[PDB]
Amino acid sequence: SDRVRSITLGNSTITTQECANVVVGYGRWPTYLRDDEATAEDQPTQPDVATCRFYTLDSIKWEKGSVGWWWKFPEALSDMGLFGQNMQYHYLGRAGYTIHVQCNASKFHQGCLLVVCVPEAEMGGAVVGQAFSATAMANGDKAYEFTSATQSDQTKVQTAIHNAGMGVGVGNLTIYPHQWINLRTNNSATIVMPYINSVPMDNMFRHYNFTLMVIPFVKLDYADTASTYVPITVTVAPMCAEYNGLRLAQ
Amino acid sequence: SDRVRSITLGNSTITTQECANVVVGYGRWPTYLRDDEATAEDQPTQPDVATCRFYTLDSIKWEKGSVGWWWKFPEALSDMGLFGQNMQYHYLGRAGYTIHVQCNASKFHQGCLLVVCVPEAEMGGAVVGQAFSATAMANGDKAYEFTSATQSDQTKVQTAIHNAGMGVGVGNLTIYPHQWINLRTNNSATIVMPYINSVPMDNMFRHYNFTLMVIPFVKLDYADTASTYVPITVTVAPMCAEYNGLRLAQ
Amino acid sequence: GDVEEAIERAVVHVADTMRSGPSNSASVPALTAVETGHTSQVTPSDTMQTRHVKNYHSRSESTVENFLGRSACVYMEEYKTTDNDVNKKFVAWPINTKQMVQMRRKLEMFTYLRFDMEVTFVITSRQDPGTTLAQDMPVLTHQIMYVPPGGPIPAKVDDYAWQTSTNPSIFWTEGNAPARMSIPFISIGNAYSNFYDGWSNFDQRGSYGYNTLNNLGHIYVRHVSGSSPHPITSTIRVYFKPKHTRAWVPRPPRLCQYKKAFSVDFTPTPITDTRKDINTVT
Amino acid sequence: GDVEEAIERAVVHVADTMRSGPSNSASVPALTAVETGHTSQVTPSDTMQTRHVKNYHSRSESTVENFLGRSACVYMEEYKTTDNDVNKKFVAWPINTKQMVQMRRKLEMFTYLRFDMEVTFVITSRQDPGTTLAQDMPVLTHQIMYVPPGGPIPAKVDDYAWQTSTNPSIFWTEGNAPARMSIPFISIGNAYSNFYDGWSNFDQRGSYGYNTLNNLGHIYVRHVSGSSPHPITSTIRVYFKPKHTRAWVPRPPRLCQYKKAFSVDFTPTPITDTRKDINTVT
Amino acid sequence: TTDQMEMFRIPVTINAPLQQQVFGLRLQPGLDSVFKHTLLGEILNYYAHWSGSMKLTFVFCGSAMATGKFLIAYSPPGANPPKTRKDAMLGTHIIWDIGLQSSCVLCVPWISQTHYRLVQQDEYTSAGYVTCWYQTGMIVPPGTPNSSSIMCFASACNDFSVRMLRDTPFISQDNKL
Amino acid sequence: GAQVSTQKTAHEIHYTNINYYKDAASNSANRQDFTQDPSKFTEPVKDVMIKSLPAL
Amino acid sequence: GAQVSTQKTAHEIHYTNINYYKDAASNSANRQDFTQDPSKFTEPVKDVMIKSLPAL
Ligand SMILES: CN1CCN(Cc2ccc(NCc3ccc(F)c(F)c3)cc2)CC1
Ligand SMILES: CN1CCN(Cc2ccc(NCc3ccc(F)c(F)c3)cc2)CC1
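Below, the structure written as structure tokens:
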């Protein structure tokens with residue numbers, strides 16, 4: 010059977026007994042930087058195993074009125090194990106990721122989720138011509154809430170769901186790498202995202218490589234059961250991570 | 010000329026323009042653990058470069074009345090860069106060291122130091138039949154003072170210099186790997202210490218692998234100069250370090 | 001043919017550990033199903049990255065031959081050189097391995113056994129307390145006699161039965177090394193049985209349990225001719241040491257304390273000790 | 001294969017002395033620099049004229065095997081055959097080599113050791129003084145029992161634990177040669193450690209020093225069944241004799257007198273004795 | 061435990077906080093009360109030294125319609141045992157998914173500074189801790205029991221071994237039978 | 002008629029034995045055998061199961 | 002299976029040994045080894061120094 014998948018990174022393992030295939034970015038597997046493409050001179054550091062492992066990033070609660078959530082990487086893993094320490098102590102970094110989003114419910118539940126990784130997901134402010142701090146869009150591993158109605162507070166990003174906070178039709182996000190979690194026939198989605206950027210390496214504190222979005226297209230529904238909500242969990246694992254430019258800790 | 014030495018570990022370099030040879034433990038160079046000698050099952054982690062580099066461990070002041078000092082390893086490097094983090098996050102560790110002790114003075118100064126690494130340097134309490142805490146013998150990178158007179162406080166180790174706090178003649182420490190810093194003809198001492206222990210690996214928080222001692226056999230002397238003291242600095246660098254048994258941070 | 005030169009047994013070391021790297025596939029060694037009654041054969045190499053390790057450990061000391069190859073006391077008794085009661089001047093012990101607890105528990109881990117036996121006797125003497133003790137006595141001598149089932153049994157120290165003509169016996173003198181002998185496999189069946197879930201009579205009546213199959217005989221001991229002016233007490237200890245052992249059908253070790261020498265009777269016991277709660281680890 | 005004929009080890013004699021004549025050159029063997037931590041390798045032939053000498057001396061007696069290959073007392077204790085105090089009728093000694101000073105100092109010249117052990121027991125008895133001593137007692141017998149860590153421990157002379165079924169034991173009778181046994185290398189680590197600069201708990205708390213690694217077990221001794229009308233006292237001495245020895249990391253010999261059996265505690269001592277002045281030679 | 065058989069059942073509930081501990085124990089196979097009397101523990105108590113890896117197998121004995129995920133982690137020796145899932149997940153662990161296969165195996169690797177460990181374990185030769193935490197929680201449909209149970213099995217791998225035979229302390233007598 | 006065989010010792025040695033009695037029960041313990049097979053108690057199933065493959 | 006070897010004696025002689033027990037720990041002390049090497053403690057330097065040449 011092809012409905013069972015097992016992934017082993019570092020000293021952690023993920024087993025899903027009911028899942029689809031594994032989308033693989035734009036058909037490119039993560040890999041180390043080549044000699045003929047690099048620019049920095051000094052020797053890089055490659056702490057595999059220590060950093061290439063799965064890290065569960067907290068958990069959200071899916072209610073009948075949920076609208077969606079997003080996380081921004083790699084800042085989401087800023088304080089997660091040796092990955093965070095290496096990112097703090099180095100000027101440059103580079104790594105792909107494997108994203109696994111779990112969500113299980115009985116045969117009598119119905120709903121559908123969209124899981125998508127949006128590279129360079131620039132967002133606009135709630136009030137045009139008004140700047141916002143770096144706290145209404147990323148504050149560690151905590152998830153951020155979309156809003157059904159138009160946002161009004163000037164200190165946070167425009168959370169209108171149907172525009173995805175990017176000024177584009179939400180239904181067109183299918184262009185990016187993605188998967189669907191349909192409670193009828195699925196329990197998890199796996200995405201392998203290679204390193205996508207305009208330069209060989211970049212600082213991980215100043216640049217958000219890509220954004221993860223979970224949007225319920227078909228709202229959750231059930232009847233006559235003792236379960237009131239469906240927990241959702243997100244797990245990530247850097248792959249082929251290498252750092253460079255050792256400096257004092259930020 | 011053989012009076013000039015240069016050592017390059019990781020991203021750090023040490024250059025001494027006036028030095029002796031380099032003592033090399035019991036004639037054994039540091040090396041990784043072999044497959045036929047290991048006992049732990051899981052894959053080890055080998056973060057070379059990130060951990061195999063020189064770390065300056067504070068500085069002491071050599072006065073006319075100084076008696077000596079000691080440091081205990083690897084606890085001395087407990088909070089020094091990624092080495093400390095790796096030691097915290099792992100149950101087992103293993104690594105050799107390269108110790109470099111600098112001390113420079115004009116041609117008109119006189120004095121002699123003994124630099125020696127004592128493996129398993131067990132020490133006795135100041136008052137017989139009285140226990141002491143793990144603070145009178147190691148508190149990080151700070152150096153500890155020997156005493157010319159017999160110690161009397163019951164909360165600290167016996168610091169009588171002539172017995173080395175070990176119940177043995179101080180003049181017999183030559184048996185261990187060592188070097189002399191004679192101000193006439195020397196400025197630094199270099200010692201390469203392989204991993205010595207009764208087991209393949211051990212925890213670095215519970216076991217003091219070896220102790221470093223600096224003892225002035227000929228007290229410092231000078232006359233009619235504006236310099237009042239001769240600073241002494243110690244630099245260490247783990248070699249072929251590998252860790253195992255990942256656990257939550259201590 | 002001055003030397004045979006037995007070939008080496010070839011030290012059997014335990015299995016090594018093979019290097020393993022990251023994996024991502026449909027194989028799931030971790031997942032199994034205990035309902036089949038089959039114990040999983042996974043190894044640490046199948047769930048986390050591991051280095052290559054050569055193990056030189058061996059399981060030599062865990063063999064049944066070595067596990068049971070230790071002498072253990074199985075019985076001790078006292079008899080006096082001179083006394084008013086005739087029955088108190090000699091010992092009569094029906095052979096059985098259920099008297100002493102440790103050796104019993106060791107044996108009871110297997111249902112069936114087959115081995116040779118090595119028997120050693122330790123004998124000591126002491127002068128009984130009394131008002132007058134000044135006496136001179138030469139060294140004492142003791143006789144051990146083995147009576148297979150159905151043979152004549154002595155009724156007093158100076159009985160005619162002590163003139164063994166077919167019954168093996170040992171005469172021993174104090175001050176020398178302990179006596180010893182070897183005994184072959186003397187079971188009517190194909191193996192000794194520690195347990196027997198059955199009756200004696202064909203109508204399911206009579207004796208029940210392992211007491212039915214115990215017909216190994218008796219052992220008698222006495223002072224040869226010592227008869228002191230004042231009482232002297234002696235003690236004998238019997239040690240058994242199996243050799244060339246084979247075992248079958250292992251069973252779980254006993255948990256409740258023994259209470260009878262010829263029965264499995266016991267009192268209910270808690271499974272194990274308790275702790276504060278399911279999370280306490282201190 | 002009636003004879004193997006082990007090849008000769010080839011007596012290794014010390015270095016000879018080569019003839020040397022007058023010299024006048026730029027080579028200066030005498031001058032060196034101890035700052036390197038390197039001991040000079042000069043010989044008398046390098047500083048004065050010498051004749052040719054063939055040395056037949058050998059360093060056979062200075063090998064570690066021979067240096068440590070001598071039996072030495074490590075413990076002695078007394079126990080009575082009969083007395084009011086139960087604890088006084090048997091011995092219970094936790095095994096350790098730090099009790100007796102000479103053997104301790106000999107061992108403490110090396111940080112790590114690995115050897116087989118040969119153990120010998122010397123037992124003697126004597127009648128306690130008293131008003132009435134006229135009694136007659138046969139020869140006594142003694143039992144030595146070794147209890148690995150975690151095993152049951154007897155609480156009285158006639159306890160059930162004395163029925164060893166797995167614990168090795170020796171039964172010995174007075175008047176014969178001393179008892180003896182051989183013990184292999186039984187350390188959990190790769191070598192015995194005389195010193196241990198570390199703690200027990202992972203937070204640098206608890207027991208400190210070599211006391212942490214001492215888990216070799218216990219030894220118990222008792223009179224088998226001797227119970228005299230009048231007290232009799234016995235003494236046992238234990239002797240250890242390493243075999244097949246290997247040593248690592250030599251350390252300077254101790255200078256200050258020992259004061260504790262499980263610690264390195266000491267009192268400061270002068271380096272050495274004194275004389276009238278730096279020139280006195282008488 | 062008024063009923064002795066309860067000692068073999070690990071409770072599990074439908075509604076629990078997002079991260080919660082299911083159980084925790086010390087890894088002292090020959091000394092800890094949990095492993096003291098198991099089929100494995102009995103054998104070790106006849107010896108003084110032991111080494112090798114261990115297997116812990118968990119079987120979910122809930123309903124067929126129930127589902128959930130669990131995190132089982134092994135923490136090597138340290139100054140303090142884990143208190144929250146974030147601490148536990150740092151060490152060796154496996155994410156267990158409940159489906160058609162009702163059993164999962166956690167292989168405890170042999171990580172030690174010495175080739176052997178004492179059966180009568182102490183601070184020097186500690187072995188670590190094992191804990192289990194809710195990964196997602198247990199969900200059930202209508203008309204099912206609100207509680208379930210889990211069972212644990214212990215066994216030794218193929219590299220396990222023992223040394224130094226010693227008399228067990230569990231069995232004793234005061235008088236001849 | 003003497004037998005020569007190796008004696009237990012890591013990777014760093026012969027002893028001679030002769031039998032004096034006419035009964036095999038008198039021989040010394042043959043504690044040099046180390047062959048073993050646990051599949052009898054661990055894999056008593058009828059159909060062999062591959063660890064990699066699913067149990068059912 | 003007997004071993005024959007020389008016994009210690012200047013320049014002016026065989027003994028036979030047989031092992032009776034099945035454990036190597038029972039053998040007699042092997043005090044006939046005389047190989048030794050002091051360079052480990054006397055010359056632990058990295059660069060070899062010739063005695064005739066100056067130390068520095
Ligand atoms: C029911 N079986 C009886 C045998 N028992 C083991 C056993 C077997 C034989 C003996 N002793 C045999 C023996 C040996 C030497 C003698 F001199 C003698 F009289 C008898 C002791 C225990 C297991 C349970
Ligand atoms: C911490 N180590 C403990 C061992 N000690 C040396 C040593 C080792 C073993 C022994 N005796 C082993 C032994 C030998 C024979 C026995 F019967 C017995 F119970 C124990 C004595 C001293 C050095 C310091």
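Chain order of the listed sequences is B, B', A, A', C, D and D'. A prime marks a further copy of an entry chain. Under the deposited numbering, the residue at position 231 of the first sequence is numbered 240, and the numbers go up by one with no gaps. Under the deposited numbering, the residue at position 80 of the second sequence is numbered 89, and the numbers go up by one with no gaps. Under the deposited numbering, the residue at position 23 of the third sequence is numbered 23, and the numbers go up by one with no gaps. Under the deposited numbering, the residue at position 258 of the fourth sequence is numbered 258, and the numbers go up by one with no gaps. Under the deposited numbering, the residue at position 107 of the fifth sequence is numbered 167, and the numbers go up by one with no gaps. In terms of the deposited numbering, the sixth sequence is residues 2 to 10, 12 to 14, 25 to 68. In terms of the deposited numbering, the seventh sequence is residues 2 to 10, 12 to 14, 25 to 68. We treat Cβ as the ideally placed atom computed from N, Cα and C, and that holds for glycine.
- According to the DSSP assignment, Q102/A' belongs to the alpha helix (DSSP H) that extends over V101 to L107.
- One finds nothing in chain B' with a Cβ atom closer than 8 angstroms to the Cβ of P50/D'; even the nearest lies about 11 angstroms away.
- Cβ contact annotation for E174/A (same chain, cutoff 6 angstroms, sequence separation greater than five): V139 and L140, in chain order.
- Not one beta carbon of chain C lies nearer than 9 angstroms to the beta carbon of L65/D.
- For the C-beta of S125/A, the chain A' residues within less than 9 angstroms are, from N- to C-terminus, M137, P138, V139, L140, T141, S225 and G226.
- Taking every protein chain shown into account, the CB of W162/A' has 16 or more other CB atoms within 10 angstroms, so this residue is buried.
- Here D16/A' is exposed. Its C-beta has fewer than 16 other C-beta atoms within 10 Å.
- If you draw a straight line from the Cα of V137/B' to the Cα of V177/B', it comes to about 16 angstroms.
- When C-beta atoms of the stretch 92-112 of chain B are compared with those of the stretch 22-41 of chain B', fewer than three pairs fall below 8 angstroms, so the two segments do not count as touching.
- Nearest to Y35/B by alpha-carbon distance, out of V125/B, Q160/B and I23/B, is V125/B.
- For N31/D', the neighbours in chain D by C-beta distance under 8 angstroms run, in chain order, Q8, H26, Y27 and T28.
- When C-beta distances to chain A are compared with 9 angstroms, the residues of the stretch 175-186 of chain C below that value are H175 and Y176, in chain order.
- Here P247/B' carries a strand assignment [DSSP, helix/strand/coil].
- Cβ contact annotation for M137/A' (same chain, cutoff 6 angstroms, sequence separation greater than five): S228, in chain order.
- In chain order, the residues that have a beta carbon nearer than 6 angstroms to some heavy atom of ligand 1 are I95/A, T97/A, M117/A, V119/A, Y146/A, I183/A, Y192/A, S193/A, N194/A, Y210/A, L213/A, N214/A, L216/A, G217/A, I219/A and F240/A.
- In the same chain as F121/A', and ignoring 5 residues on each side of it, the C-beta atoms closer than 8 angstroms to its own belong to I144, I170, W172, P178, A179, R180, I236, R237, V238 and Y239, in chain order.
- Neighbourhood of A126/C in chain B', by CB distance below 7 angstroms: empty, with the nearest CB roughly 30 angstroms away.
- Not a single heavy atom of ligand 2 lies less than 8 angstroms from the C-beta of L150/C.
- Ranked by how close their Cα comes to the Cα of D234/C, the residues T280/A, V101/A, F266/A and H38/A have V101/A in first place.
- Straight-line measurement puts the Cα of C61/B at about 36 angstroms from the Cα of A140/B.
- Chain order gives the chain D' residues near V33/B' as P56, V57 and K58, where near means a beta carbon separation below 8 angstroms.
- Annotated three-state conformation of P44/A is helix, per DSSP.
- Around the beta carbon of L86/B', a 10 Å sphere encloses 16 or more other beta carbons of the protein chains shown; the residue is thus reported as buried.
- Relative to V249/A, the option among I95/A, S193/A, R59/A and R9/A whose CA is nearest is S193/A.
- Taking a contact to require three or more Cβ pairs closer than 8 angstroms, the stretch 27-43 of chain D and the stretch 198-218 of chain C do not qualify as touching.
- Residue contact with chain A' for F214/B': present (Cβ-Cβ distance below 9 angstroms to some residue of chain A').
- Comparing alpha carbon positions, the residue from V58/B, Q111/B and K81/B closest to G90/B is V58/B.
- If one requires a minimum length of 3 residues, the beta strand (DSSP E) runs lying completely within the stretch 209-245 of chain B' are 219-230, in chain order.
- Below the 8 angstroms Cβ cutoff, chain B' contributes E50 and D51 as neighbours of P44/A, in chain order.
- Listed along the chain, the chain D' residues whose CB falls inside 7 angstroms of the CB of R12/B' are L68.
- The three-state secondary structure of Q233/C, taken from DSSP, is coil.
- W110/C is outside the set of residues whose beta carbon lies under 9 angstroms from a beta carbon in chain B.
- Going by beta carbons, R86/C and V281/A fall inside the 9 angstroms limit.
- In this structure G120/B' is not in contact with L182/B', their Cβ atoms being roughly 18 angstroms apart against a cut-off of 8 angstroms.
- Neighbours of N140/C in chain B', taken as residues at a C-beta separation under 9 angstroms, are given in chain order as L257 and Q259.
- Taking all protein chains in view, the Cβ of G90/C is crowded by 16 or more other Cβ atoms within 10 Å, so the residue is classified as buried.
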